Amino acid sequence: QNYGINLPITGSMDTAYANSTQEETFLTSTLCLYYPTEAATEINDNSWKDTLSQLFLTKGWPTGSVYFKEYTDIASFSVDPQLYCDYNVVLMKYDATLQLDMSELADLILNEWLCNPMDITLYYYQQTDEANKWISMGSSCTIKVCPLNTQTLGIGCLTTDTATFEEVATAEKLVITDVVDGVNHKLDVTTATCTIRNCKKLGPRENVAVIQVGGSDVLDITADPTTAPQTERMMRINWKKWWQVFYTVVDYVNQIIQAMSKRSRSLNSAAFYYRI
Amino acid sequence: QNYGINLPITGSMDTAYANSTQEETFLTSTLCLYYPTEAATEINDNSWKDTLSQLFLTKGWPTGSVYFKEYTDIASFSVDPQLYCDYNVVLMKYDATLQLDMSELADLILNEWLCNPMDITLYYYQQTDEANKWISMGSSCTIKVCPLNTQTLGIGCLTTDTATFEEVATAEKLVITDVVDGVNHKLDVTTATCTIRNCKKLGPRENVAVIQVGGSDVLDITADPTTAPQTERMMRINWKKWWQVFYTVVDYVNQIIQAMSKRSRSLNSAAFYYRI
Amino acid sequence: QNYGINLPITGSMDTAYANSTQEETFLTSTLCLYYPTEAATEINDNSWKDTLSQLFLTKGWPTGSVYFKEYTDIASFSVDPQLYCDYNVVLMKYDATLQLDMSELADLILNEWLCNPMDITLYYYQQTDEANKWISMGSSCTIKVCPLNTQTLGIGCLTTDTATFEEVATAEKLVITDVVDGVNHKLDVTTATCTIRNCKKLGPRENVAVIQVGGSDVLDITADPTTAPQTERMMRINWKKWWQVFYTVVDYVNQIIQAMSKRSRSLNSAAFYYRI
Amino acid sequence: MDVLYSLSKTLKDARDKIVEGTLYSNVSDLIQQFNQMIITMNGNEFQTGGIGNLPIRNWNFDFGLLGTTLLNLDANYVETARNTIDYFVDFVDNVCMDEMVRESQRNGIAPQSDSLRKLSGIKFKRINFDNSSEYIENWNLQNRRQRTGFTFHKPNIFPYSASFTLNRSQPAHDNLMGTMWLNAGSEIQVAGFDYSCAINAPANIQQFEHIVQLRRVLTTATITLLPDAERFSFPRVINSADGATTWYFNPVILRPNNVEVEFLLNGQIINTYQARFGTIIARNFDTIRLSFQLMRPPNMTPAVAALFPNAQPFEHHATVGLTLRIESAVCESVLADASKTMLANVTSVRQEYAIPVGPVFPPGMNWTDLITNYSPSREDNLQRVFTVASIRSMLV
Ligand SMILES: *[C@@H]1O[C@H](CO)[C@@H](O)[C@H](O)[C@H]1NC(C)=O
Ligand SMILES: *[C@@H]1O[C@H](CO)[C@@H](O)[C@H](O)[C@H]1NC(C)=O
Ligand SMILES: *[C@@H]1O[C@H](CO)[C@@H](O)[C@H](O)[C@H]1NC(C)=O
Ligand SMILES: [Ca+2]
Ligand SMILES: [Ca+2]
Ligand SMILES: [Ca+2]
Ligand SMILES: [Ca+2]
Ligand SMILES: [Ca+2]
Ligand SMILES: [Ca+2]
Ligand SMILES: [Ca+2]
Ligand SMILES: [Ca+2]
Ligand SMILES: [Ca+2]
Ligand SMILES: [Ca+2]
Ligand SMILES: [Ca+2]
Ligand SMILES: [Ca+2]
Ligand SMILES: [Cl-]
Ligand SMILES: [Zn+2]
């Protein structure tokens, strides 16, 4: 495939449509439903996974295809999220106090990322392009940035005295930092508690859809202030009970998968591609 | 004259636009305004209805054609609201805690529903297609559902023990239940307290507009997660004083009515289709 | 540019060989060396990493491109090893008592495995084809399997009694289970201690080479009894001093890298095939 | 062919000029030619064939000569002439139809029907006179290895093809770069689309190229070139190359940049037009090379900047189009065109009599297949049948 990636593909605009491949897609794929712990707590049933699997089977998914992964909350799930199967549907409970954290998690799991290690103890770092960010995650991230000049002298911050650096995060389980491009920055990070990587946004992630439970349209998966795209994979629903949410997810699974594309799944479940 | 038969219409271009019919409609149609009680409490005037009627008369509506209907809150208004005017405008106050109830009310009044009776004690029920929902209304609806399998046996529930059922509504005054299609469900509902009906969404209801007073775009009048359509009949206004709200409503009644159309289901062309 | 589509390549003879790309690859790529702790213990020097970096720099690798990752022993290294460099060379000490564990580690890192989750509590599992195996990893994996018949009844085992199951692993930190294909197995695994996954062997992993230090040819990276392929990525060296081992590795890094290829999956072309 | 054309021409002249009351001096030479034709054809038995549903017809010629002693033609003379002319015209029409429905893999240029083979004998060569029609003129030139010329208004030179090529694509078909084109009869509507609007392209420019290889060389061609392809300027839902899925096209049209139309002959650039639109002349060419560019506008008003973000999703897709229309041309070979009726006549005759598919032409005389594989044998057969059809159209 690779040697012919840089080759044209020609198609006639009168080629008959193939039959629906949705049945074959379900019979050969695997679905993961990521829900918060409060969902299973409020459902208060131990066999609900079996019921949901049977309902999915009624909807065409063979038994064994659908998987259910639990996460405590948005913050914990953001610590190196793992996307396991072909189709990942993430139910994210909305909280008006965690808009930026929801935005960061959606940005991380709805886009492809190519990350490299950042030895902040040794080297200064730059964000070369608008697609370049610094993604840091772990138990607690606290990132302090000191912009430098051509002579390495910090601007509004002494290089030695970290206390005069500029705070961009505090005790974050995940943060995507965006500094001015072309300026070398000295970084102070709680490396013992969390890891920071220099990442590049390759493009969208088709196998991951995020359903925001309750709330309003608040996700901003792009750092650009002028753009706040609402892609087809960013759903939003209103809720009073979680059984209704899960029935809505099952009943409209065809529509949800339609909003997602195949071949986007990676061998590894990691949220980014790491190069060291 | 030919009722019950769909005859194609074969108009042409260059027929020339007719004059504005807005004045004639205002002369021959009635307008109902639905507002919460707190609106009248804040206005605190015993002649405000008469003044609004006069102001509407400045806009073309004959005196006695505009009606002012009052409701306590959203929950009370969601108790089988009857909208009988030619044009209905519902001033609905926003509440972050009642997002789903707001959405359900809007879905119930902004759309046409063909509803048939449900006897949960006698029959099991399934939702045939994506337009089929279960709408329950009354003093307090508590719906518990037991999905069944092809062996008419409960899935994660016992058909004889309603405690094992799955709760989708609690103390609701209006709830729209969407379950997985093609599955028979046993239903336990507080029939003495409220009534449930099997309802098919025929399409939009054009004579009803909803003006959300304050808040953000939170309404979702479609059960599809992938779709959250904001039709032209859903207005949103930021507010501090109800007098300003009513002055805005009267001053843009032209625009409000333009966003609406005469109820198709309640005119002679709908004779022997469902009503009138 | 055309990702996800396999375009044929139609090269010709007499196109003339290009110059050696070895120097460019060494300049632009990174090399990870994985060695056991006892290697560093026997070397007993605090600058040996720097000396090896310099010696590699004599062979063309820029300084800071060769990394030295350490692992305690094979069992600890078999706990989801993450090999992230462009080229990975694993110095694996031979132990006559750990032949199968060595084989399993090599099979896991010398091959590509597309893994999807397994929920033994919820579903029964079968291995569809000869490329499907069950890979379990963690602190301690104890897997017991109950084959089922077409009547979903255990064969030589009771689905309700796990003591009658058949043990295929015990206290393993990595194990690859091959069961009879086309048979549903109930599984009892120490899910709290280790995780299991349904993994399909896609093919070779080319950026990982394994140098067996001492011993004989005992590796078997294929479950087929009839095949025991010794690929060019499986070196064997007789040793007495670890310094000699590392000098041999650095002096023949040309040969070692020639035996390897850039990971076909981890490059831009594989975009929308599995990664990147 | 020349004898059949001469028969048709003599009959047409007789129908047009032998009219009541006309001076005999208006028709003296015509009457001599007509009488020579009668003398040559008298006593000869002809058969038009039973191929397909075309009926077998037998033709016998025993006619008296037209008179000469009148000064002005009267009713009797005109009726006698009309009777003879009607029989001869029916014969010529049937011979033309018989020849039109026939094809030979080898001697496609040589006559195929028995009647036309008999007319190619020496005894009929005396019937031959003025060969002035364009088709018979080119036929005679082609019998002598001379440069032929057929003038076509809107020649049907491009086989139908509504195709697209993607240079950048993904399974999701949301960041695409490629070209769409329709090559209709005399039309080339091409459009290069970039979904990213050349945000990441070097120099903020995306190059698009379209090559149309004509199956025959066109000369003295007039071409209208316009800077927009209206056919690919509205939203479309388009099948993928394999047909396994559909993708969404939502073009926003930008002015094509660095427009260069090259007209090439045998790989050599004969004509070149840069940034030219309207009427242009391509004097001799067999290949068209349209190169254009989508240039990202460096200065954008807020709405334009809103259309084109710096990254995905791309909801508005930049498109630059060209339209090429050959109004007139000259070709050494026969072609269908918007003005003549030769292809229509041959196809109509073949369809009316249920002529089974032969070894030369495609089934149903489909023009797209015929021009896609316009081989020398097909060229010979097609010129033969088109010349016969032109001869027949003189009378029918
Ligand atoms: C597609 O559907 C058609 C119509 O039902 C059926 O005849 C055909 O076999 C199906 N499969 C393929 C590969 O076309
Ligand atoms: C329509 O409006 C025009 C101009 O507003 C007016 O002159 C005319 O009388 C009205 N009625 C008709 C039937 O045209
Ligand atoms: C390739 O190698 C040859 C001989 O080693 C050298 O002369 C030449 O410059 C190199 N580069 C290219 C592009 O041929
Ligand atoms: Ca955060
Ligand atoms: Ca500072
Ligand atoms: Ca930046
Ligand atoms: Ca933004
Ligand atoms: Ca409610
Ligand atoms: Ca239950
Ligand atoms: Ca339903
Ligand atoms: Ca919705
Ligand atoms: Ca083992
Ligand atoms: Ca047993
Ligand atoms: Ca097996
Ligand atoms: Ca083997
Ligand atoms: Cl024309
Ligand atoms: Zn495609």
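Per Swiss-Prot, chain A residues shown: 51-326, in order.
Any Cβ shown, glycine's included, is placed from N, Cα and C.
Swiss-Prot lists A:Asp228, A:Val229, A:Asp231, A:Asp301 as binding Ca(2+) 2, and of A:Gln104, A:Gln132, A:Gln149, A:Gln177 the one it places in that same site is A:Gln177. Of the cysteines A:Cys165, A:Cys207, A:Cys244, only one is given by Swiss-Prot as the disulfide partner of A:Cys191: A:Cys244. The 6 Å Cβ screen around ligand 6 retains A:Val229 from the recorded positions A:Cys82, A:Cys207, A:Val229, ordered by sequence position. A:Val229 (Ca(2+) 2 binding site) falls within neither a helix nor a strand when secondary structure is assigned with DSSP, and so counts as coil. Fewest other C-beta atoms within 10 angstroms, among the recorded positions A:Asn69, A:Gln177, are seen around A:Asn69. When the binding-site residues A:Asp95, A:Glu216, A:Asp301 are screened for a C-alpha within 10 angstroms of the C-alpha of A:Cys249 (disulfide bond), no residue qualifies. Chain B lies within reach of A:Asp95, taking the recorded positions A:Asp95, A:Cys196, A:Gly206, A:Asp228 and requiring a CB-CB distance under 8 A.
Cβ neighbours of A:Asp231 (Ca(2+) 2 binding site) (same chain, under 8 Å, six or more residues apart in sequence): A:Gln176, A:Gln177, A:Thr178, A:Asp179, A:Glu180, A:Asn182.
Around the Cβ of A:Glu216 (Ca(2+) 1 binding site), the same chain contributes A:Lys194, A:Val195, A:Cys196, A:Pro197, A:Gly206, A:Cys207, each under 8 angstroms and 6 or more positions distant in sequence. For A:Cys82 (disulfide bond), the nearest of the binding-site residues by C-alpha distance turns out to be A:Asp301; the candidates were A:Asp95, A:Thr214, A:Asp228, A:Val229, A:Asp301. The disulfide-bonded residues shown are A:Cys135, A:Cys191, A:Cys244; of these, the one with its CA atom nearest the CA of A:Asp228 (Ca(2+) 2 binding site) is A:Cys191.
Straight-line distance linking the Cα atoms of A:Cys191 (disulfide bond) and A:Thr214 (Ca(2+) 1 binding site), rounded to a whole number, equals 18 Å. When the Cα atoms are compared, A:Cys165 (disulfide bond) and A:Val229 (Ca(2+) 2 binding site) turn out to be 16 Å apart. For A:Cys135 (disulfide bond), the spatially nearest entry among the recorded positions A:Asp95, A:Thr214, A:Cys244, A:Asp301 is A:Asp301, judged by CA separation.
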